[PDB]
Ligand SMILES: [Cl-]
Ligand SMILES: [Cl-]
């Protein structure tokens, strides 16, 4: 299992514009298009991302492509972040994937806000961080996914995705 497969599981794959759990326009593999309420604004961000006049639909290949960019960007956002980098650097490979996932779903900024959890993960206090992570809107709004990520940090294995 790896980051890609992991996220493909959490996010799914849709080739037509759709609304995410927060009601925002999205497409592909969890690729947020816009927070605006306008579908055109969305269509417009789509065309611009892909480089062609799409009419709200895309191919698998295009989806995979945005997905690769998005992953790359998340990692890079983590590395450029003064609060995240050190966490990430201290983690093992599995757990890093968990941190990427969160970053991918919530943005660097969102994640950089879990100060306390972060600190706990840095200290390798697994059970405690898992508790702390759960006391969040994130967990309350998308509890199944949060559970998967949290177990991953708690155990350092992929069992939640098997
Ligand atoms: Cl883009
Ligand atoms: Cl969920």
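In this note's numbering, the protein residues as written are 271 to 432. Note that CB positions come from ideal geometry on N, CA and C, so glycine has one too.
List the residues that DSSP assigns as beta-bridge partners of residue i.
i           : result
residue 287 : In DSSP, residue 287 forms no bridge with anything.
residue 302 : 296
residue 327 : 286
Excluding the 5 residues preceding and the 5 following residue i in the sequence, name in chain order all residues of the same chain whose CB lies nearer than 6 Å to its CB.
i           : result
residue 418 : 430
residue 317 : 323 and 324
residue 305 : 294
residue 428 : 271
Please indicate yes or no: does the CB of residue i lie closer than 7 Å to some heavy atom of ligand 3?
i           : result
residue 415 : The ligand content of the structure shown is limited to ligand 1 and ligand 2, which means ligand 3 is not among them.
Within its chain, find whatever has a CB closer than 7 Å to the CB of residue i; leave out the 5 residues flanking it on each side and keep chain order.
i           : result
residue 349 : 355
residue 279 : 431
Looking at the unbroken beta strand (DSSP E) that takes in residue i, where does it start and where does it end?
i           : result
residue 296 : 295 to 298
For residue i versus residue j, is the C-beta spacing smaller than 8 Å?
i           : j           : result
residue 390 : residue 371 : no
residue 296 : residue 412 : no
Three-state secondary structure (DSSP) at residue i?
i           : result
residue 422 : helix
residue 427 : coil
residue 412 : coil
residue 307 : coil
Terminal residues of the continuous alpha helix (DSSP H) containing residue i?
i           : result
residue 383 : Counting along the chain, residue 383 falls outside any alpha helix (DSSP H), and DSSP gives it neither H nor E.
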